[PDB]
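For reference, my_file_24.cif (mmCIF, C-alpha atoms and all ligand atoms):
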```cif
data_run
loop_
_atom_site.label_atom_id
_atom_site.label_comp_id
_atom_site.auth_asym_id
_atom_site.auth_seq_id
_atom_site.Cartn_x
_atom_site.Cartn_y
_atom_site.Cartn_z
CA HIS A 1 -30.10 -84.05 49.78
CA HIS A 2 -26.80 -85.86 50.13
CA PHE A 3 -23.62 -83.78 49.73
CA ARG A 4 -20.07 -85.16 49.64
CA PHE A 5 -17.40 -82.88 51.12
CA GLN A 6 -13.67 -83.48 50.89
CA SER A 7 -11.41 -82.37 53.77
CA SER A 8 -7.83 -81.18 53.54
CA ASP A 9 -7.06 -83.46 56.52
CA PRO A 10 -6.60 -87.23 56.62
CA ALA A 11 -8.53 -89.76 58.69
CA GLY A 12 -7.05 -89.91 62.16
CA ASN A 13 -6.19 -86.21 62.26
CA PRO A 14 -7.84 -84.35 65.14
CA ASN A 15 -9.20 -81.62 62.88
CA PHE A 16 -10.72 -84.21 60.55
CA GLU A 17 -12.46 -85.67 63.59
CA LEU A 18 -13.76 -82.26 64.62
CA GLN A 19 -15.14 -81.80 61.11
CA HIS A 20 -17.59 -84.64 61.82
CA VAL A 21 -19.44 -82.00 63.91
CA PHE A 22 -20.37 -80.16 60.71
CA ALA A 23 -21.79 -83.26 59.09
CA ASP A 24 -23.56 -84.39 62.27
CA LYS A 25 -25.15 -81.00 62.96
CA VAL A 26 -26.37 -80.63 59.37
CA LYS A 27 -28.22 -83.93 59.76
CA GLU A 28 -29.55 -83.03 63.21
CA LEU A 29 -30.68 -79.48 62.43
CA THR A 30 -32.42 -80.55 59.22
CA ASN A 31 -33.81 -83.68 60.91
CA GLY A 32 -32.25 -85.71 58.11
CA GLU A 33 -33.28 -83.65 55.06
CA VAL A 34 -29.63 -82.86 54.33
CA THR A 35 -26.72 -85.21 54.99
CA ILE A 36 -23.00 -84.55 54.56
CA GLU A 37 -20.53 -87.28 53.68
CA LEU A 38 -17.11 -86.21 54.95
CA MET A 39 -14.17 -87.67 53.00
CA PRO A 40 -10.48 -87.43 53.92
CA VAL A 41 -8.06 -85.45 51.77
CA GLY A 42 -7.32 -86.97 48.39
CA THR A 43 -10.27 -89.38 48.39
CA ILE A 44 -11.83 -88.14 45.19
CA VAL A 45 -9.38 -85.52 43.93
CA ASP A 46 -6.11 -83.73 44.63
CA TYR A 47 -6.34 -81.20 47.50
CA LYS A 48 -5.63 -78.24 45.17
CA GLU A 49 -8.35 -79.27 42.73
CA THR A 50 -11.35 -79.47 45.02
CA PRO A 51 -12.81 -76.25 43.55
CA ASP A 52 -12.83 -77.77 40.08
CA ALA A 53 -14.34 -81.02 41.37
CA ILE A 54 -17.08 -79.14 43.21
CA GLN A 55 -18.25 -77.10 40.24
CA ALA A 56 -18.13 -80.23 38.04
CA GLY A 57 -20.30 -82.24 40.44
CA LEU A 58 -17.63 -84.81 41.27
CA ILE A 59 -17.78 -83.74 44.91
CA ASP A 60 -20.22 -81.19 46.42
CA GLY A 61 -18.03 -79.20 48.80
CA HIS A 62 -14.79 -78.95 50.73
CA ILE A 63 -13.37 -78.09 54.12
CA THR A 64 -9.92 -76.90 53.19
CA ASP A 65 -6.97 -74.55 53.60
CA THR A 66 -7.72 -71.49 51.49
CA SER A 67 -3.99 -70.81 51.20
CA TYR A 68 -3.81 -73.79 48.83
CA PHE A 69 -5.23 -71.54 46.13
CA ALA A 70 -2.70 -68.70 46.32
CA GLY A 71 -1.56 -69.71 42.84
CA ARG A 72 -4.94 -68.64 41.44
CA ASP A 73 -4.70 -65.16 42.93
CA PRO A 74 -2.42 -63.76 45.62
CA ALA A 75 -5.59 -62.58 47.41
CA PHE A 76 -6.14 -66.18 48.47
CA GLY A 77 -2.83 -66.29 50.34
CA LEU A 78 -3.40 -62.93 51.96
CA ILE A 79 -6.94 -63.53 53.22
CA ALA A 80 -6.07 -67.10 54.31
CA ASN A 81 -3.34 -65.97 56.70
CA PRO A 82 -2.66 -62.25 56.88
CA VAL A 83 0.40 -62.71 59.02
CA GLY A 84 0.22 -60.70 62.23
CA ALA A 85 -3.40 -59.58 62.00
CA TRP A 86 -4.86 -61.77 64.74
CA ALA A 87 -4.40 -62.37 68.48
CA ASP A 88 -7.35 -64.74 68.84
CA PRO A 89 -9.60 -66.77 66.53
CA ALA A 90 -12.60 -64.63 67.57
CA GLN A 91 -11.02 -61.64 65.81
CA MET A 92 -10.66 -63.44 62.48
CA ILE A 93 -14.13 -64.96 62.77
CA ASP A 94 -15.62 -61.51 63.43
CA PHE A 95 -13.73 -60.10 60.45
CA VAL A 96 -15.26 -62.82 58.25
CA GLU A 97 -18.78 -62.77 59.61
CA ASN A 98 -19.25 -59.03 60.26
CA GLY A 99 -16.24 -57.21 58.82
CA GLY A 100 -16.48 -58.02 55.14
CA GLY A 101 -14.48 -61.24 54.97
CA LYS A 102 -17.31 -63.53 53.94
CA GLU A 103 -18.22 -61.20 51.07
CA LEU A 104 -14.59 -61.22 49.97
CA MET A 105 -14.60 -65.04 50.08
CA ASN A 106 -17.65 -65.19 47.85
CA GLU A 107 -16.19 -62.62 45.47
CA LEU A 108 -13.15 -64.88 45.29
CA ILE A 109 -14.89 -68.22 44.91
CA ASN A 110 -18.24 -67.56 43.18
CA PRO A 111 -16.20 -67.20 39.97
CA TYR A 112 -15.20 -70.84 40.50
CA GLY A 113 -18.77 -72.03 41.05
CA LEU A 114 -18.48 -72.21 44.86
CA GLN A 115 -20.49 -70.67 47.68
CA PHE A 116 -18.52 -69.85 50.88
CA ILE A 117 -20.59 -71.13 53.81
CA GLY A 118 -18.34 -70.22 56.74
CA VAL A 119 -14.93 -70.17 58.31
CA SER A 120 -13.00 -72.35 60.73
CA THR A 121 -9.38 -72.72 61.78
CA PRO A 122 -6.87 -75.32 62.97
CA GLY A 123 -5.81 -72.64 65.47
CA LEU A 124 -3.79 -69.55 66.26
CA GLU A 125 -0.19 -70.80 66.48
CA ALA A 126 1.97 -70.12 69.51
CA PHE A 127 5.54 -68.89 69.04
CA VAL A 128 8.59 -70.91 70.08
CA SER A 129 11.52 -68.89 71.44
CA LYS A 130 14.69 -69.52 73.46
CA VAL A 131 15.11 -65.78 74.11
CA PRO A 132 12.75 -63.52 76.05
CA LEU A 133 10.45 -61.62 73.67
CA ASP A 134 8.05 -59.09 75.15
CA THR A 135 8.19 -56.45 72.41
CA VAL A 136 8.48 -56.33 68.64
CA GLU A 137 11.90 -54.76 69.15
CA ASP A 138 13.04 -57.99 70.80
CA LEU A 139 12.79 -59.72 67.40
CA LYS A 140 15.71 -57.77 65.93
CA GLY A 141 18.52 -60.13 65.00
CA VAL A 142 16.71 -63.30 66.13
CA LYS A 143 17.12 -66.34 63.92
CA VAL A 144 13.51 -67.45 63.40
CA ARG A 145 12.48 -70.59 61.54
CA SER A 146 9.92 -69.21 59.10
CA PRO A 147 7.96 -70.71 56.23
CA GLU A 148 8.84 -69.19 52.85
CA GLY A 149 6.67 -66.26 51.78
CA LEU A 150 4.67 -63.83 53.85
CA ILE A 151 5.70 -65.27 57.24
CA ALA A 152 9.42 -64.97 56.50
CA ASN A 153 8.90 -61.58 54.85
CA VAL A 154 7.10 -60.18 57.91
CA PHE A 155 9.81 -61.48 60.28
CA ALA A 156 12.45 -59.92 58.03
CA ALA A 157 10.54 -56.63 58.02
CA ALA A 158 10.65 -56.81 61.84
CA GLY A 159 14.43 -57.12 61.66
CA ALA A 160 14.57 -60.84 62.44
CA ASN A 161 16.61 -63.30 60.38
CA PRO A 162 14.33 -65.92 58.82
CA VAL A 163 15.65 -69.45 58.42
CA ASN A 164 14.12 -72.00 56.07
CA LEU A 165 13.78 -75.48 57.67
CA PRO A 166 11.42 -78.49 57.52
CA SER A 167 9.27 -79.07 60.57
CA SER A 168 11.11 -82.23 61.48
CA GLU A 169 14.37 -80.28 61.87
CA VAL A 170 13.14 -77.48 64.11
CA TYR A 171 13.84 -79.18 67.45
CA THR A 172 17.43 -80.12 66.69
CA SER A 173 18.10 -76.76 65.04
CA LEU A 174 17.02 -74.99 68.23
CA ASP A 175 19.20 -77.25 70.34
CA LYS A 176 22.19 -76.66 68.09
CA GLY A 177 21.79 -72.88 67.93
CA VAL A 178 21.02 -72.75 64.21
CA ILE A 179 17.79 -70.99 65.18
CA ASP A 180 16.77 -69.10 68.32
CA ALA A 181 13.01 -69.16 67.71
CA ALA A 182 10.43 -70.72 65.40
CA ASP A 183 7.13 -70.79 63.76
CA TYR A 184 5.89 -74.28 64.54
CA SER A 185 2.29 -75.01 65.58
CA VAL A 186 -0.37 -74.39 68.24
CA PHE A 187 0.81 -74.33 71.85
CA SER A 188 -0.42 -77.83 72.63
CA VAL A 189 1.71 -79.28 69.82
CA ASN A 190 4.69 -77.07 70.60
CA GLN A 191 4.50 -78.24 74.21
CA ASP A 192 4.06 -81.94 73.39
CA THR A 193 6.99 -81.81 71.00
CA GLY A 194 9.34 -80.54 73.74
CA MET A 195 9.91 -77.20 71.95
CA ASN A 196 9.02 -75.12 75.02
CA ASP A 197 11.32 -77.20 77.20
CA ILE A 198 14.40 -76.50 75.06
CA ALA A 199 13.24 -72.93 74.26
CA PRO A 200 11.68 -71.68 77.48
CA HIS A 201 10.19 -68.33 76.36
CA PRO A 202 7.13 -69.12 74.25
CA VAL A 203 4.70 -66.40 73.22
CA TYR A 204 1.10 -67.40 73.84
CA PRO A 205 -1.31 -66.44 72.47
CA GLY A 206 0.80 -66.23 69.35
CA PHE A 207 0.99 -63.14 67.18
CA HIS A 208 1.52 -64.23 63.59
CA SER A 209 -0.17 -67.33 62.10
CA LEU A 210 -3.87 -68.20 62.15
CA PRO A 211 -4.84 -70.19 59.04
CA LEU A 212 -8.31 -69.86 57.48
CA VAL A 213 -10.13 -73.09 56.69
CA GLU A 214 -13.12 -72.56 54.44
CA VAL A 215 -16.33 -74.61 54.35
CA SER A 216 -17.70 -74.11 50.85
CA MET A 217 -19.91 -75.99 48.39
CA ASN A 218 -21.24 -76.09 44.88
CA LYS A 219 -23.03 -72.79 44.36
CA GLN A 220 -25.75 -74.15 42.06
CA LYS A 221 -26.66 -76.77 44.65
CA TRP A 222 -26.52 -74.20 47.43
CA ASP A 223 -28.75 -71.81 45.49
CA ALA A 224 -31.36 -74.57 44.96
CA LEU A 225 -31.90 -75.05 48.72
CA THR A 226 -34.75 -73.38 50.64
CA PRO A 227 -33.84 -70.46 52.98
CA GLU A 228 -34.55 -72.54 56.08
CA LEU A 229 -32.15 -75.31 54.96
CA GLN A 230 -29.44 -72.80 54.00
CA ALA A 231 -29.84 -71.25 57.44
CA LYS A 232 -29.56 -74.67 59.08
CA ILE A 233 -26.38 -75.54 57.15
CA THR A 234 -24.86 -72.16 58.06
CA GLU A 235 -25.88 -72.85 61.66
CA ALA A 236 -24.28 -76.32 61.58
CA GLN A 237 -21.09 -74.76 60.23
CA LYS A 238 -21.07 -72.19 63.03
CA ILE A 239 -21.46 -74.99 65.58
CA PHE A 240 -18.55 -76.89 64.03
CA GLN A 241 -16.48 -73.69 64.00
CA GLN A 242 -17.14 -72.97 67.68
CA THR A 243 -16.61 -76.56 68.82
CA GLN A 244 -13.28 -76.61 67.00
CA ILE A 245 -12.10 -73.29 68.44
CA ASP A 246 -13.13 -74.26 71.97
CA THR A 247 -11.49 -77.69 71.68
CA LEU A 248 -8.24 -76.11 70.46
CA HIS A 249 -8.41 -73.55 73.25
CA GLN A 250 -8.79 -76.19 75.96
CA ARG A 251 -5.92 -78.27 74.65
CA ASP A 252 -3.69 -75.18 74.58
CA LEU A 253 -4.74 -74.24 78.14
CA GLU A 254 -3.89 -77.77 79.30
CA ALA A 255 -0.45 -77.46 77.80
CA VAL A 256 0.19 -73.94 79.16
CA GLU A 257 -0.79 -75.12 82.63
CA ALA A 258 1.74 -77.96 82.34
CA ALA A 259 4.45 -75.58 81.10
CA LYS A 260 3.93 -73.16 83.97
CA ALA A 261 3.82 -75.92 86.59
CA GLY A 262 7.35 -77.01 85.69
CA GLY A 263 8.73 -73.69 86.92
CA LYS A 264 11.21 -73.18 84.07
CA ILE A 265 9.08 -71.98 81.17
CA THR A 266 7.99 -68.31 80.94
CA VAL A 267 4.85 -67.88 78.88
CA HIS A 268 4.79 -64.36 77.39
CA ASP A 269 1.47 -62.75 76.44
CA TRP A 270 2.35 -59.71 74.31
CA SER A 271 0.46 -56.55 75.25
CA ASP A 272 -2.22 -55.16 72.99
CA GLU A 273 0.17 -52.31 72.13
CA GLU A 274 2.95 -54.67 71.08
CA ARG A 275 0.50 -56.70 69.00
CA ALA A 276 -0.69 -53.48 67.32
CA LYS A 277 2.95 -52.63 66.61
CA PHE A 278 3.42 -56.08 65.03
CA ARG A 279 0.36 -55.45 62.83
CA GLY A 280 1.92 -52.22 61.65
CA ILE A 281 5.11 -53.93 60.61
CA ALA A 282 3.16 -56.73 58.93
CA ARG A 283 0.94 -54.24 57.11
CA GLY A 284 3.90 -53.04 55.07
CA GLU A 285 4.22 -56.60 53.79
CA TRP A 286 0.46 -57.01 53.26
CA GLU A 287 0.60 -53.86 51.11
CA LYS A 288 3.22 -55.40 48.83
CA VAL A 289 0.93 -58.36 48.31
CA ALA A 290 -2.01 -55.97 47.77
CA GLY A 291 -0.22 -54.50 44.75
CA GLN A 292 -0.04 -57.92 43.04
CA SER A 293 -3.74 -58.17 42.07
CA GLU A 294 -7.02 -56.29 42.18
CA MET A 295 -8.57 -58.76 44.60
CA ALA A 296 -5.50 -58.69 46.86
CA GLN A 297 -5.87 -54.92 47.14
CA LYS A 298 -9.54 -55.38 48.02
CA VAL A 299 -8.65 -57.94 50.72
CA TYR A 300 -5.99 -55.52 52.05
CA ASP A 301 -8.40 -52.57 52.08
CA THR A 302 -11.12 -54.52 53.82
CA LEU A 303 -8.75 -56.01 56.41
CA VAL A 304 -7.04 -52.74 57.24
CA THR A 305 -10.37 -50.94 57.51
CA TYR A 306 -11.55 -53.64 59.95
CA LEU A 307 -8.40 -53.56 62.09
CA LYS A 308 -8.38 -49.77 62.31
CA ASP A 309 -12.06 -49.71 63.11
CA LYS A 310 -11.60 -52.22 65.95
CA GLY A 311 -8.67 -50.28 67.42
CA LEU A 312 -6.30 -53.11 66.58
CA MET A 313 -4.06 -51.05 64.32
CA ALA A 314 -2.90 -47.44 64.35
CA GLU A 315 -5.57 -45.32 62.72
ZN ZN A 401 12.29 -57.00 75.97
ZN ZN A 402 3.30 -72.56 61.70
ZN ZN A 403 -0.74 -84.23 73.78
ZN ZN A 404 11.45 -81.70 78.63
ZN ZN A 405 -34.82 -79.94 48.92
ZN ZN A 406 -12.24 -71.07 75.10
ZN ZN A 407 -5.79 -78.38 83.49
ZN ZN A 408 -3.43 -61.53 76.32
ZN ZN A 409 5.06 -52.21 74.97
ZN ZN A 410 -16.43 -50.10 63.95
#
```

Kindly transcribe the structure held in the file into structure tokens.
Amino acid sequence: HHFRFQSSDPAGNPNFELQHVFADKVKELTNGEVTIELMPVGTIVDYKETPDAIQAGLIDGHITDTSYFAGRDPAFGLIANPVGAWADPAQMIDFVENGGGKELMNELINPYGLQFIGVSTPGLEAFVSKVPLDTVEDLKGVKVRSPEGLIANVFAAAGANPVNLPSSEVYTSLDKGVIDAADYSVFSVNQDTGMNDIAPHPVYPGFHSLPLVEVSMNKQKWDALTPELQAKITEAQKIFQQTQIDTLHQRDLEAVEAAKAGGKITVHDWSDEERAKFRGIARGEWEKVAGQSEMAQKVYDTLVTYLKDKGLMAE
């Protein structure tokens, strides 16, 4: 079997490169009986149309940002990045693999002719801040660069003042005082960009943005495989997932070490209690999204049940 998968990332991009692990491990684990051809974003079709292309047989799968499909159903946006839910990728991965998330993903994408194989992420983002934030209360009044939608709405619910800016304007806007803090990227990027130098109170691990990248394929083709090959492909995906998370973690740790060694940057790790408080604020916004569709309510119910059960949110 030879299956062509389209990525949401371009050639060159470090996450695209990490995705080679999925293809390589599928070939290794199946001793060649299944091969994956990994294609950069836009090779065969538009990044928002990969589901269509998969069910049609034009490509066989994708590795992509599930938030791209929020237009189909708000549930997609909510499950892809339930702002504030996670303090580490392991939490989200456990939610998917053992807490009902994978079943939700298949309920969402089987109707499009896709089988959800497994989850990955480009990383839990770190927060950029010029002002010292150790509690949720510290967010009140802070001008925070926030993407439109659930991220901005959660920061507003926390009493912050969201500001809408392109990524390329964040650095100068901090310097000029237009913003005091920002959503940007993972710590290693924030650090490399000089963000933490001009805004010397980052929060790491971050507390608000952890995007879900799905690995999914044509469900008819999936269903035609033997159990042992399905298990090997799921295994390959898990290996890719773990290699990606560990690689991201190491790069962040490198950057944090450099930040701390300079003696000026204070890296704040919010307590479990403060993170649980942030979940509670965010939950009010998740619930608004939950009311927008049946599947969004199901995502909300499953997520909140998981968080309460794990002691991550007030019972
Ligand atoms: Zn404080
Ligand atoms: Zn971000
Ligand atoms: Zn670097
Ligand atoms: Zn500097
Ligand atoms: Zn076969
Ligand atoms: Zn690690
Ligand atoms: Zn080091
Ligand atoms: Zn911690
Ligand atoms: Zn506290
Ligand atoms: Zn439990």

Taking a cut-off of 12 Å and counting only C-alpha atoms and all ligand atoms, can you build a table that, for each residue of chain A near ligand ZN 409 (chain A), reports the nearest atom pair and how far apart they are in Å (one decimal), sorted by chain then residue number, as JSON lines?
```
{"residue": "A:133", "atom": "CA", "partner": "A:ZN409", "partner_atom": "ZN", "distance": 10.9}
{"residue": "A:134", "atom": "CA", "partner": "A:ZN409", "partner_atom": "ZN", "distance": 7.5}
{"residue": "A:135", "atom": "CA", "partner": "A:ZN409", "partner_atom": "ZN", "distance": 5.9}
{"residue": "A:136", "atom": "CA", "partner": "A:ZN409", "partner_atom": "ZN", "distance": 8.3}
{"residue": "A:137", "atom": "CA", "partner": "A:ZN409", "partner_atom": "ZN", "distance": 9.3}
{"residue": "A:138", "atom": "CA", "partner": "A:ZN409", "partner_atom": "ZN", "distance": 10.7}
{"residue": "A:269", "atom": "CA", "partner": "A:ZN409", "partner_atom": "ZN", "distance": 11.2}
{"residue": "A:270", "atom": "CA", "partner": "A:ZN409", "partner_atom": "ZN", "distance": 8.0}
{"residue": "A:271", "atom": "CA", "partner": "A:ZN409", "partner_atom": "ZN", "distance": 6.3}
{"residue": "A:272", "atom": "CA", "partner": "A:ZN409", "partner_atom": "ZN", "distance": 8.1}
{"residue": "A:273", "atom": "CA", "partner": "A:ZN409", "partner_atom": "ZN", "distance": 5.7}
{"residue": "A:274", "atom": "CA", "partner": "A:ZN409", "partner_atom": "ZN", "distance": 5.1}
{"residue": "A:275", "atom": "CA", "partner": "A:ZN409", "partner_atom": "ZN", "distance": 8.8}
{"residue": "A:276", "atom": "CA", "partner": "A:ZN409", "partner_atom": "ZN", "distance": 9.7}
{"residue": "A:277", "atom": "CA", "partner": "A:ZN409", "partner_atom": "ZN", "distance": 8.6}
{"residue": "A:278", "atom": "CA", "partner": "A:ZN409", "partner_atom": "ZN", "distance": 10.8}
```

Each residue of region 76-168 of chain A lying at most 9 Å from region 179-200 of chain A should get a row with its shortest atom-to-atom pair and the distance in Å to one decimal, counting all atoms listed in the file; could you produce that, ordered by chain and increasing number, as a Markdown table?
```
| residue | atom | partner | partner_atom | distance |
| --- | --- | --- | --- | --- |
| A:122 | CA | A:186 | CA | 8.4 |
| A:123 | CA | A:186 | CA | 6.4 |
| A:124 | CA | A:186 | CA | 6.2 |
| A:125 | CA | A:186 | CA | 4.0 |
| A:126 | CA | A:187 | CA | 5.0 |
| A:127 | CA | A:183 | CA | 5.8 |
| A:128 | CA | A:182 | CA | 5.0 |
| A:129 | CA | A:181 | CA | 4.0 |
| A:130 | CA | A:199 | CA | 3.8 |
| A:131 | CA | A:180 | CA | 6.9 |
| A:132 | CA | A:200 | CA | 8.4 |
| A:142 | CA | A:180 | CA | 6.2 |
| A:143 | CA | A:179 | CA | 4.9 |
| A:144 | CA | A:181 | CA | 4.7 |
| A:145 | CA | A:182 | CA | 4.4 |
| A:146 | CA | A:183 | CA | 5.7 |
| A:147 | CA | A:183 | CA | 7.6 |
| A:151 | CA | A:183 | CA | 8.7 |
| A:162 | CA | A:179 | CA | 8.8 |
| A:163 | CA | A:179 | CA | 7.3 |
| A:167 | CA | A:184 | CA | 7.1 |
```

Quick one: write out the picked residues with C-alpha atoms as a JSON list (two decimals), in the frame of the given file?
```
[["chain", "number", "residue", "atom", "x", "y", "z"],
["A", 122, "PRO", "CA", -6.87, -75.32, 62.97],
["A", 123, "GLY", "CA", -5.81, -72.64, 65.47],
["A", 124, "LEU", "CA", -3.79, -69.55, 66.26],
["A", 125, "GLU", "CA", -0.19, -70.80, 66.48],
["A", 126, "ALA", "CA", 1.97, -70.12, 69.51],
["A", 127, "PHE", "CA", 5.54, -68.89, 69.04],
["A", 128, "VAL", "CA", 8.59, -70.91, 70.08],
["A", 129, "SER", "CA", 11.52, -68.89, 71.44],
["A", 130, "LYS", "CA", 14.69, -69.52, 73.46],
["A", 131, "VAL", "CA", 15.11, -65.78, 74.11],
["A", 132, "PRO", "CA", 12.75, -63.52, 76.05],
["A", 142, "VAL", "CA", 16.71, -63.30, 66.13],
["A", 143, "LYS", "CA", 17.12, -66.34, 63.92],
["A", 144, "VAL", "CA", 13.51, -67.45, 63.40],
["A", 145, "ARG", "CA", 12.48, -70.59, 61.54],
["A", 146, "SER", "CA", 9.92, -69.21, 59.10],
["A", 147, "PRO", "CA", 7.96, -70.71, 56.23],
["A", 151, "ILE", "CA", 5.70, -65.27, 57.24],
["A", 162, "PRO", "CA", 14.33, -65.92, 58.82],
["A", 163, "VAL", "CA", 15.65, -69.45, 58.42],
["A", 167, "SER", "CA", 9.27, -79.07, 60.57]]
```

- Task: Could you jot down the CA of residue 159 (chain A) to CA of residue 141 (chain A) separation for me, Å, one decimal place?
- Result: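 It comes out at 6.1 Å.
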
- Nearest-residue call for residue 99 (chain A), choices A:314, A:81, A:280, A:299, using only C-alpha atoms: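 Distance minimum relative to residue 99 (chain A) lands on A:299.
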
- Task: For CA of residue 234 (chain A) and CA of residue 306 (chain A), determine how far apart the two atoms are, in Å to one decimal place.
- Result: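 These atoms are spaced 22.9 Å apart.
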
- In Å, how far is it from CA of residue 254 (chain A) to atom ZN of ligand ZN 403 (chain A)?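 That distance, rounded to one decimal, is 9.1 Å.
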
Could the centre and edge lengths of an axis-aligned box, enclosing all atoms of region 124-133 of chain A in the file with 5 Å extra on each side, be given in Å to one decimal as lines of an AutoDock Vina configuration file?
```
center_x = 5.7
center_y = -66.3
center_z = 71.2
size_x = 28.9
size_y = 19.3
size_z = 19.8
```

- Message: Please identify all protein, DNA and RNA residues within 12 Å of ligand ZN 405 (chain A), counting only C-alpha atoms and all ligand atoms, and report them as JSON, numbers by chain.
- Response: {"A": [1, 2, 3, 30, 32, 33, 34, 35, 221, 222, 223, 224, 225, 226, 227, 228, 229, 230]}

Expected file: the selected residues, C-alpha atoms, as an mmCIF file, in the coordinates of the input:
```
data_model
loop_
_atom_site.group_PDB
_atom_site.id
_atom_site.type_symbol
_atom_site.label_atom_id
_atom_site.label_comp_id
_atom_site.auth_asym_id
_atom_site.auth_seq_id
_atom_site.Cartn_x
_atom_site.Cartn_y
_atom_site.Cartn_z
ATOM 1 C CA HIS A 1 -30.100 -84.050 49.780
ATOM 2 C CA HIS A 2 -26.800 -85.860 50.130
ATOM 3 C CA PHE A 3 -23.620 -83.780 49.730
ATOM 4 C CA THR A 30 -32.420 -80.550 59.220
ATOM 5 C CA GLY A 32 -32.250 -85.710 58.110
ATOM 6 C CA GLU A 33 -33.280 -83.650 55.060
ATOM 7 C CA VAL A 34 -29.630 -82.860 54.330
ATOM 8 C CA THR A 35 -26.720 -85.210 54.990
ATOM 9 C CA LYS A 221 -26.660 -76.770 44.650
ATOM 10 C CA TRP A 222 -26.520 -74.200 47.430
ATOM 11 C CA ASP A 223 -28.750 -71.810 45.490
ATOM 12 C CA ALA A 224 -31.360 -74.570 44.960
ATOM 13 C CA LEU A 225 -31.900 -75.050 48.720
ATOM 14 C CA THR A 226 -34.750 -73.380 50.640
ATOM 15 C CA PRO A 227 -33.840 -70.460 52.980
ATOM 16 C CA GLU A 228 -34.550 -72.540 56.080
ATOM 17 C CA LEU A 229 -32.150 -75.310 54.960
ATOM 18 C CA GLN A 230 -29.440 -72.800 54.000
#
```

- Message: My list of candidates is A:14, A:40, A:291, A:57. Which is closest to ligand ZN 403 (chain A) when distances are computed with all atoms listed in the file?
- Response: A:14

- Query: Could you name the residues that touch residue 88 (chain A) at 10 Å or less, counting all atoms listed in the file, but leaving out those on the same chain fewer than 5 positions away, as a list in words?
  - Reply: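 The contact residues come out as residues 93, 123, 124, 125, 205, 206, 207, 210, 245 and 249 of chain A.
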
Report as JSON lines: every residue of chain A with an atom at most 10 Å from ligand ZN 406 (chain A), its closest pair of atoms, and their distance in Å to one decimal, counting only C-alpha atoms and all ligand atoms, with rows sorted by chain and ascending residue number.
```
{"residue": "A:89", "atom": "CA", "partner": "A:ZN406", "partner_atom": "ZN", "distance": 9.9}
{"residue": "A:90", "atom": "CA", "partner": "A:ZN406", "partner_atom": "ZN", "distance": 9.9}
{"residue": "A:242", "atom": "CA", "partner": "A:ZN406", "partner_atom": "ZN", "distance": 9.1}
{"residue": "A:243", "atom": "CA", "partner": "A:ZN406", "partner_atom": "ZN", "distance": 9.4}
{"residue": "A:244", "atom": "CA", "partner": "A:ZN406", "partner_atom": "ZN", "distance": 9.9}
{"residue": "A:245", "atom": "CA", "partner": "A:ZN406", "partner_atom": "ZN", "distance": 7.0}
{"residue": "A:246", "atom": "CA", "partner": "A:ZN406", "partner_atom": "ZN", "distance": 4.6}
{"residue": "A:247", "atom": "CA", "partner": "A:ZN406", "partner_atom": "ZN", "distance": 7.5}
{"residue": "A:248", "atom": "CA", "partner": "A:ZN406", "partner_atom": "ZN", "distance": 7.9}
{"residue": "A:249", "atom": "CA", "partner": "A:ZN406", "partner_atom": "ZN", "distance": 4.9}
{"residue": "A:250", "atom": "CA", "partner": "A:ZN406", "partner_atom": "ZN", "distance": 6.2}
{"residue": "A:251", "atom": "CA", "partner": "A:ZN406", "partner_atom": "ZN", "distance": 9.6}
{"residue": "A:252", "atom": "CA", "partner": "A:ZN406", "partner_atom": "ZN", "distance": 9.5}
{"residue": "A:253", "atom": "CA", "partner": "A:ZN406", "partner_atom": "ZN", "distance": 8.7}
```

- Smallest atom-to-atom distance to ligand ZN 408 (chain A): which of A:22, A:16, A:76, A:86, using all atoms listed in the file?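 Checking each candidate against ligand ZN 408 (chain A), we get A:86 as the closest.
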
- Kindly provide, as a PyMOL selection string, the polymer residues lying within 10 Å of (-1.4, -55.4, 59.3), counting only C-alpha atoms and using the coordinates exactly as they appear in the file. chain A and resi 82-86+154+275-287+300+303-304+307-308+312-314

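Residue nearest ligand ZN 401 (chain A), chosen from A:203, A:18, A:139, A:70 and counting all atoms listed in the file: A:139.
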
- If you count only C-alpha atoms, which residues fall within 8 Å of residue 289 (chain A), apart from same-chain ones fewer than 5 positions away, as a VMD selection string? chain A and resid 74 to 75 78 296 to 297

- Query: Which residue out of A:79, A:215, A:267, A:170 has the minimum interatomic distance to ligand ZN 408 (chain A) when all atoms listed in the file are used?
  - Reply: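 That would be A:267, the residue with the smallest distance to ligand ZN 408 (chain A).
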
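Closest approach to residue 201 (chain A) among A:255, A:265, A:11, A:39 is made by A:265 (distances from only C-alpha atoms).
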
- Would you list the contacts of residue 72 (chain A) as a list in words, taking every protein, DNA or RNA residue within 12 Å and counting only C-alpha atoms, but skipping same-chain residues closer than 6 positions in sequence? residues 48, 49, 51, 66, 108, 109, 111, 112, 292, 293, 295 and 296 of chain A
